[PDB]
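Q: Pasting a structure here, questions to come.
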Amino acid sequence: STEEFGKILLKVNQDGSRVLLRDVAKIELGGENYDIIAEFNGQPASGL
Amino acid sequence: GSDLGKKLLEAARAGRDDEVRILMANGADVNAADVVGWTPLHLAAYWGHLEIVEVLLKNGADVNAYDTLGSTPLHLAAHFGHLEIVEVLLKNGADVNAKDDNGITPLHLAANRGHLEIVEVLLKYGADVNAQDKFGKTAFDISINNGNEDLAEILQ
């Protein structure tokens, strides 16, 4: 889940604070690639 | 060990209520433990089998049994989200502030898997919210790290 990726402990600072992955990036399910976008009769599609 | 206590461990896990009923009719062992210390209440508490939970407790099952590393059926229930079992168990005297061998508490486990109701119930029955685990984390700490703000609020 995105929730677990976000709590990835990148580094623990000198004061004890915790820099988590969610503190330095946005974490979402999303396309392996973002190149291909299909429409069937105008409306959002996918397919084979 | 007994023929029946193993049959009861099996039926408890599987949720075969009438098997459990017949087994309880025959004095099968409510204290039978499997290879790792789990009693059938454990099995029920983990696998989410409310009926059997009650039946077992009604038949002298120990609600505060603990496994090879300290887990109490409350631990299991709080952790896997079985609100009703939590309530029953605590009604029947389940130590809400039980610590396993990591110093983990049903609050911790519940905080962690984020079972807000189960948190509040446990808090209702007096879950020490300033309890710390092996590493000093309080259910709040689990809550801020998991990013759960409602939980964070409930634990104030």
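Each chain in the structure tokens gets a letter, A, B and so on, in the order shown; residues start at 1 in every chain, and ligands are counted from 1 in the order they appear.
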Please check the contacts: residues of chain B at most 10 Å away from chain A, using only C-alpha atoms, listed as JSON, numbers by chain.

A: {"B": [145, 146, 147, 148]}

Q: Do a neighbour search on residue 79 (chain B) at 10 Å with only C-alpha atoms, toss out local chain neighbours closer than 4 positions, and write the hits as JSON, numbers by chain.

A: {"B": [45, 46, 73, 74, 75, 83, 86, 105, 106, 107, 108, 109, 110, 111, 112, 113, 114, 115, 118]}

Q: Could the residues in this selection be saved with C-alpha atoms as a compact mmCIF listing (two decimals), in the first residue's frame?

A:
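Contents of out30.txt, freshly written:
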# COMPACT_ATOMS: atom_id res chain seq x y z
CA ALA B 45 -9.86 -14.92 19.04
CA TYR B 46 -7.51 -14.82 16.06
CA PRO B 73 -6.58 -13.73 22.93
CA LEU B 74 -7.21 -10.01 23.46
CA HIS B 75 -3.91 -9.32 21.64
CA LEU B 83 -14.51 -5.67 17.92
CA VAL B 86 -12.66 -7.65 22.12
CA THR B 105 -0.36 -4.18 24.20
CA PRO B 106 -3.73 -4.72 22.50
CA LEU B 107 -3.79 -0.93 22.29
CA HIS B 108 -0.50 -0.96 20.33
CA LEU B 109 -1.65 -3.69 17.95
CA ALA B 110 -5.02 -1.99 17.53
CA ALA B 111 -3.52 1.46 17.13
CA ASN B 112 -1.20 -0.10 14.56
CA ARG B 113 -3.71 -1.84 12.36
CA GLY B 114 -5.85 1.24 13.00
CA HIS B 115 -9.00 -0.24 14.57
CA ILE B 118 -11.27 -1.26 19.22

Q: Could you tell me how far CA of residue 24 (chain A) lies from CA of residue 10 (chain A), in Å and to one decimal?

A: 9.3 Å

Q: What lies within 10 Å of residue 56 (chain B) using only C-alpha atoms, ignoring chain neighbours under 2 positions off, as a ChimeraX atom specification?

A: /B:12,20-21,24,29-31,40-41,44,50-54,58-63

Q: How would the residues just chosen look if you wrote them out with C-alpha atoms as a compact mmCIF listing (two decimals), in the first residue's frame?

A:
# COMPACT_ATOMS: atom_id res chain seq x y z
CA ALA B 12 -12.15 -23.78 17.34
CA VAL B 20 -17.46 -27.05 19.53
CA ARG B 21 -20.88 -27.49 21.10
CA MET B 24 -18.06 -28.96 25.11
CA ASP B 29 -10.15 -29.40 27.14
CA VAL B 30 -10.69 -25.63 26.94
CA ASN B 31 -7.05 -25.42 28.03
CA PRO B 40 -8.75 -22.70 21.23
CA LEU B 41 -9.76 -19.28 22.59
CA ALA B 44 -11.12 -18.37 18.01
CA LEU B 50 -17.47 -14.93 18.18
CA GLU B 51 -19.85 -17.79 19.02
CA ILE B 52 -17.06 -20.19 19.89
CA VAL B 53 -15.36 -17.41 21.91
CA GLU B 54 -18.41 -17.14 24.14
CA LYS B 58 -18.82 -20.05 29.27
CA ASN B 59 -17.06 -23.41 29.62
CA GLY B 60 -14.15 -22.27 31.80
CA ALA B 61 -11.76 -21.19 29.04
CA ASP B 62 -8.99 -18.91 30.32
CA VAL B 63 -9.45 -15.47 28.76

Q: Could you pull out the alpha helix (DSSP H) residues of chain B from DSSP and send them as a ChimeraX atom specification?

A: /B:3-14,17-25,40-47,50-58,73-80,83-91,106-113,116-124,139-146,149-154

Q: Applying 10 Å and only C-alpha atoms, which residues near residue 154 (chain B) remain after dropping the ones on its own chain fewer than 6 positions away? List them as number ranges by chain.

A: B: 116-117, 119-120, 123, 140, 143

Q: Store the residues of this selection in a file with N, CA and C atoms, as a CSV table (one decimal), in the first residue's frame.

A:
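Final output, saved to out28.csv:
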chain,number,residue,atom,x,y,z
B,116,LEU,N,-10.0,1.9,15.1
B,116,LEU,CA,-10.4,3.0,16.0
B,116,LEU,C,-11.4,2.7,17.0
B,117,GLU,N,-12.5,2.0,16.6
B,117,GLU,CA,-13.4,1.5,17.6
B,117,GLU,C,-12.7,0.7,18.7
B,119,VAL,N,-9.7,0.6,19.6
B,119,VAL,CA,-8.9,1.5,20.4
B,119,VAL,C,-9.8,2.0,21.6
B,120,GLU,N,-10.9,2.6,21.2
B,120,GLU,CA,-11.8,3.4,22.1
B,120,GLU,C,-12.3,2.4,23.2
B,123,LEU,N,-9.6,1.7,25.4
B,123,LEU,CA,-9.5,2.8,26.2
B,123,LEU,C,-10.6,2.9,27.2
B,140,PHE,N,0.0,6.2,20.4
B,140,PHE,CA,0.1,7.5,19.7
B,140,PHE,C,1.3,7.5,18.7
B,143,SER,N,0.5,5.8,15.9
B,143,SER,CA,-0.5,6.5,15.1
B,143,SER,C,0.1,7.7,14.3

Q: When you look at residue 94 (chain B) with a cut-off of 6 Å (counting only C-alpha atoms), what residues show up, excluding the ones that are within fewer than 4 positions of it in the same chain? I need them as a PyMOL selection string.

A: chain B and resi 63-64+89-90
